[PDB]
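Chemist: Have a look at this one before I ask anything.
Computed from the coordinates by the stated procedures, all read-outs in this text should not be read as laboratory data. As a convention, Cβ positions derive from the backbone with ideal geometry for all residues, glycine included, and neighbour counts pool all protein chains shown.
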2 protein chains.
Amino acid sequence: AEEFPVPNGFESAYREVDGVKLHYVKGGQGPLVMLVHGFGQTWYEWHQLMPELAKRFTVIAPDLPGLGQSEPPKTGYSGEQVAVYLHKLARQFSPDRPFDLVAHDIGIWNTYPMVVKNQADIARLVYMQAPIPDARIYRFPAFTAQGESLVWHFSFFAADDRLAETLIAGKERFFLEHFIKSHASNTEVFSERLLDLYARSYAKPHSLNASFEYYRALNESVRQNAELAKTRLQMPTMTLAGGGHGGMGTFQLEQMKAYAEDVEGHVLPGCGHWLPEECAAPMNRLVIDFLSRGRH
Amino acid sequence: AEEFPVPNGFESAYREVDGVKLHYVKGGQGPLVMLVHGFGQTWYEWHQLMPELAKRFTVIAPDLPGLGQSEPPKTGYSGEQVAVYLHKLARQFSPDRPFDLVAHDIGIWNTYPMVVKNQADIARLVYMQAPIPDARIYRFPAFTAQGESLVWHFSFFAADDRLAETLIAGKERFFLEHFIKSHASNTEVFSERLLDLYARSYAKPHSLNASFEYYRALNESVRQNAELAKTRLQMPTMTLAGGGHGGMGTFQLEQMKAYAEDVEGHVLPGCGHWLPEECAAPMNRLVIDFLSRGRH
């Protein structure tokens, strides 16, 4: 049973990690690259990039705990807790060599602590379209004069009394289409068919709840990162962001400069939050070229 | 039938204003005071102040267009459009003398333009618990280190695709309780019965939509006010705000200093957003005394 179609030559499998069964899709040969998705999506957001990378790398794309076909975390949903699961999964497949990491949106929240605590395990790093949890997130506006506030949903999703789950239950397909398109520049790529696939996955009751638990743990993640950030990242790093509606623009690189010694950034014009789908050609090229600077 | 119990000595009635049938509750004798409610509520939020005020004044408390038992506006929901209805309603009852105005929450948005454009018609002004729409609103944060922020709902309510109506329909009582209590210090003043009454009113499909249309017009109101605010307010003005959880604290008076030449303010410790209910006795006292400095 698969929620999304596996690309030719890839396998859908599971690995138990600290008592949590994680789902992932894997293919290719060579040094390992792990691709970590974000909110509203699953491993599938990577399905176009995966075959291209698999010509040079072993590629693994997991579902975040609780999302897609992965069981919820047994510890918690803060960045440091979730990162343990992802670090251990990657190291099962690359126990004696560093691996590459690509993360989108909350995939960043869930990987940053394991990158900073295990720097020698991370060869190259690509982060796109979300702030690393820190005090900067408290400076984003609730309401804007033009366009729409990028992160008002942080408060919605974090609210007590299971506000978001209670409102969104039974309306997952409607909500996800609005959420995705409102954060996009190239909305046309989100066909009803694709939206149906994503909606069916996050509408699983435990997945809808897990989605919001990441946001309920966000302040804890900020507190965790205040300590961890005392050590800068030393590996080559690339940031990507959309310059269109829904994009983070210059924020992504500007924040990362406070975290990394070796960083280059790109802002992709006419692209919003959903880079792998809205702007597949230029995004895939940037990622493939950047990772191919290392051995492959 | 009435959505809310009318106080003894008061009358529930209707007037046509520019083709729109407005509901109001009226009582007392002497100069006119109009009391204007805000989001999530109706004329009834004034029901404790009304009897006391009616000892010295003629008191009218209308339902905002589309809310309570008032017809939706036929022009629009921007501050300038709505203010026309309320100004003309007041003038039906006070054609020969200026009247006093007390407004709470979005009642401010819906009255400011008629106050600044008809200053000779306004004897004294009391504003509580919401910014006059201006560039200040764009500085409020989307998220806080303690959880959900004060005005993330501006974005939720302003969102297109009828986001708020779609998610809240069927869950109106649930949502309103969370909303009210999340903006309150004294949650206990909101009995289950009171929440039932307010929830049944705004759950009317046209009222649920009307509620959010005020926010969908907020940026337009900000732009309208940018021109209007070139003329300062000259009448005696008082601001009130809550000093506790949910309250705006010093913001209310500090903003009003930029609009009004003659202003005094108070911050009420231990009170949140809903002054008339959370802190009825002290709020009532401050209003009655301020308005009684004039002729009654």
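Chemist: Name the most mobile residue of A:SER149, A:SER12, A:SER182, meaning the one with the largest mean-square fluctuation, in a Gaussian network model of chain A with Cα contacts below 10 Å.
Modeler: A:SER149
Chemist: Quick one: Karplus J couplings for region A:233-245, per residue in order, coefficients 6.51, -1.76, 1.60, θ = phi - 60°, nearest Hz, x for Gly and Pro?
Modeler: With the stated coefficients, region A:233-245 comes to 6, 10, 7, x, 9, 10, 10, 10, 8, x, x, x, 3 Hz.
Chemist: Antiparallel versus total DSSP beta bridges in region B:1-156: what percent is that, nearest 5?
Modeler: Taking every DSSP beta bridge with both residues in region B:1-156, the antiparallel ones total about 55 percent.
Chemist: Moving to a separate point now. Can you bin region B:136-279 into rounded, prolate or oblate? Criterion: square roots of the alpha carbon gyration tensor eigenvalues sorted a ≥ b ≥ c, rounded for a/c under 1.5, prolate for a/b above b/c, oblate for the rest.
Modeler: Oblate, because a/c is 1.5 or more while a/b does not exceed b/c.
Chemist: Here's something else I'd like to know. Is there a simple number for the mean count of other chain Cβ atoms within 10 Å of the Cβ of residues in A:91-103, and what is it?
Modeler: 0
Chemist: Further, regarding this structure: Could you name the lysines in cross-link range of A:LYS21, using Cα to Cα under 18 Å and dropping any fewer than eight places away on the same chain?
Modeler: A:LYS74, A:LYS88, A:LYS204
Chemist: Now for a different question. In percent, what relative contact order does chain A have, based on Cα pairs under 8 Å that are 6 or more apart in sequence?
Modeler: 19 percent
Chemist: While we're on this one: Given the options B:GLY147, B:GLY242, B:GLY270, which has the most mean-square fluctuation in a GNM of chain B, springs set between C-alpha atoms less than 10 angstrom apart?
Modeler: Among B:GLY147, B:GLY242, B:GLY270, the largest mean-square fluctuation in the Gaussian network model of chain B belongs to B:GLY147.
Chemist: What net charge is computed for the residues neighbouring B:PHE154, neighbours being all others with C-beta under 11 Å from the C-beta of B:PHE154, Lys and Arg scored +1, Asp and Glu -1?
Modeler: 0
Chemist: Can I ask one more? Report, for B:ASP160, each distance to the same residue's label point in the other copies, shortest first and in nm; define the point 7 Å along Cα→Cβ.
Modeler: Going from nearest to farthest copy, the values are 3.6 nm.
Chemist: Then there is this: Dipole of chain B, Cα-centred, from +1 at each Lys and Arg C-beta and -1 at each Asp and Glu C-beta, to the nearest 20 debye? Working shown, then result.
Modeler: Working: 28 positive and 34 negative charges, 117 e Å.
Dipole about the Cα centre, nearest 20: 560 debye.
Chemist: Along region B:259-267, what does the Karplus equation 6.51 cos²θ - 1.76 cosθ + 1.60 (θ = phi - 60°) give for ³J(HN,Hα), rounded to whole Hz, x for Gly and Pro?
Modeler: After applying 6.51 cos²θ - 1.76 cosθ + 1.60, I find 9, 10, 6, 10, 9, 10, x, 9, 10 Hz.
Chemist: Given a Förster distance of 60 angstrom, what is the FRET efficiency for B:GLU11 paired with A:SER191, based on the Cβ-Cβ distance and rounded to 0.05?
Modeler: 0.55
Chemist: Moving to a separate point now. Can you check what the net charge comes to around A:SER207, using other residues whose Cβ is under 11 Å from the Cβ of A:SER207 (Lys, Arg +1; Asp, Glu -1)? Before the final figure, lay out the partial values.
Modeler: On the way: positive: A:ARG200, A:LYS204; negative: A:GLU3, A:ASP63, A:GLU71, A:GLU165, A:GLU172, A:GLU213.
For residues surrounding A:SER207, the net value is -4.
Chemist: Cross-link candidates for A:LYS257: which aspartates and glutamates have Cα within less than 16 Å, leaving aside residues fewer than 8 places away along the same chain?
Modeler: A:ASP134
Chemist: Can you compute the helix-only [θ] at 222 nm over chain A? Use -39500 (n - 2.57) per DSSP H run of at least 4 residues, normalise by all residues, nearest 500 deg cm²/dmol. If you can, show how the numbers build up before the last one.
Modeler: Details: 13 runs with 111 residues, N = 296.
When only DSSP H runs of four or more count, the value is -10500 deg cm²/dmol.
Chemist: When a/c is below 1.5 the answer is rounded, else prolate if a/b is larger than b/c, else oblate, so apply that to region A:90-182 with a ≥ b ≥ c taken from the square roots of the Cα gyration tensor eigenvalues.
Modeler: Prolate.
Chemist: Which shape class, rounded, prolate or oblate, goes with the protein assembly as shown when its Cα gyration tensor gives a ≥ b ≥ c as root eigenvalues, a/c under 1.5 marks rounded, and past that a/b bigger than b/c marks prolate?
Modeler: On the way: a/c = 2.61, a/b = 2.40, b/c = 1.09.
It is prolate, given that a/c is not under 1.5 and a/b is the larger ratio.
Chemist: Right, something else. Can you tell me which of A:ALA241, A:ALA159, A:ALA83 moves the most in a GNM of chain A? Springs connect C-alpha atoms under 10 Å apart.
Modeler: A:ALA159
Chemist: Which one of B:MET114, B:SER149, B:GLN129 is farthest out on the positive end of the charge dipole of chain B, using unit charges on Cβ (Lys, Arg +1; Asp, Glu -1) and the Cα centre as origin?
Modeler: The residue sitting farthest along the positive end of the dipole is B:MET114.
Chemist: So for chain A, considering every pair of alpha-carbon atoms, how many percent are separated by more than 36 Å?
Modeler: Of all Cα-Cα pairs in chain A, 7 percent lie more than 36 Å apart.
Chemist: Would you mind finding the longest exposed-site-free stretch of chain B, with exposed trypsin sites (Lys or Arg not before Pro) meaning DSSP loop and at most 16 other Cβ atoms within 10 Å?
Modeler: On the way: sites that count: B:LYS55, B:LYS74, B:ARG162, B:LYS230, B:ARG232, B:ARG293, B:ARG295.
No qualifying site falls inside B:75-161, the longest such stretch.
Chemist: Among A:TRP43, A:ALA1, A:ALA280, flag the residue with its Cα farthest along the positive direction of the charge dipole of the protein assembly as shown, charges on Cβ as +1 for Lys/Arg and -1 for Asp/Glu.
Modeler: A:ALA280
Chemist: Along region B:284-289, what does the Karplus equation 6.51 cos²θ - 1.76 cosθ + 1.60 (θ = phi - 60°) give for ³J(HN,Hα), rounded to whole Hz, x for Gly and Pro?
Modeler: Taking θ as phi minus 60°, the curve returns 4, 4, 5, 5, 4, 5 Hz for region B:284-289.
Chemist: Then there's this: About its Cα centre, what dipole magnitude does region A:1-106 give when the only charges are +1 on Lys and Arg Cβ and -1 on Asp and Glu Cβ, stated in debye to the nearest 20?
Modeler: 320 debye
Chemist: If you put +1 on each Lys and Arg Cβ and -1 on each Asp and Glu Cβ, how big is the dipole of the protein assembly as shown around its Cα centre, in Debye rounded to 20?
Modeler: It works out to roughly 640 debye.
Chemist: Counting DSSP beta bridges with both partners in the protein assembly as shown, what percentage is antiparallel, nearest 5?
Modeler: Around 35 percent antiparallel, to the nearest 5.
Chemist: Once amide H atoms are placed 1.01 Å from N in the peptide plane, what residues at a sequence separation of 5 or more from B:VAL36, or on another chain, have their amide H within under 5 Å of its amide H?
Modeler: B:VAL102, B:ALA103, B:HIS104
Chemist: Sequence-distant or interchain residues sharing an amide H contact under 5 Å with B:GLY242, placed H: which?
Modeler: For B:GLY242, the qualifying residues are B:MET248, B:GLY249, B:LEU268.
Chemist: Let me know the whole percent of all Cα-Cα pairs from region A:125-175 that are separated by more than 17 Å.
Modeler: In whole percent, the long-distance tail amounts to 54.
Chemist: Another question, if that's okay. How many Cβ atoms of partner chains, on average, are near each residue of A:69-81 if near means within 10 Å of its Cβ? If you can, show how the numbers build up before the last one.
Modeler: Details: counts 0, 0, 0, 0, 0, 0, 0, 0, 0, 0, 0, 0, 0.
Other-chain Cβ atoms within 10 Å of each residue's Cβ, averaged: 0.
Chemist: How far apart are the B:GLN48 label points across copies, placing each 7 Å from Cα toward Cβ, in nm, shortest first?
Modeler: 5.8
Chemist: Further, regarding this structure: How many partner chain Cβ atoms sit within 10 Å of a residue's Cβ in peptide B:163-169, on average, as a whole number? Working shown, then result.
Modeler: Details: counts 7, 1, 0, 6, 12, 1, 2.
Mean partner shielding for this stretch: 4.
Chemist: Local charge sum around B:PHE93 (other residues, Cβ-Cβ under 15 Å, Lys/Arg +1, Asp/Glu -1)?
Modeler: 0
Chemist: Same structure again: Give the long-range amide H neighbours of B:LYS21: residues separated by 5 or more places, or on another chain, with amide H under 5 Å away, using H modelled in the peptide plane at 1.01 Å from N.
Modeler: B:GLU71
Chemist: A further question on this structure: Using a 10 angstrom Cβ neighbour count of at most 11 plus a DSSP loop assignment to flag exposed GluC sites (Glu not before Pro), which longest range of chain A is free of such sites?
Modeler: Numbers: sites that count: A:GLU2, A:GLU261.
No qualifying site falls inside A:3-260, the longest such stretch.
Chemist: Relative to the other copies, what are the label-point distances for A:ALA145, with labels 7 Å from Cα along the C-beta vector, expressed in nm at one decimal and sorted shortest first?
Modeler: 2.9
Chemist: Looking at region A:9-292, what % of its DSSP beta bridges pair antiparallel, to the nearest 5?
Modeler: So the antiparallel bridges amount to about 35 percent of the total.
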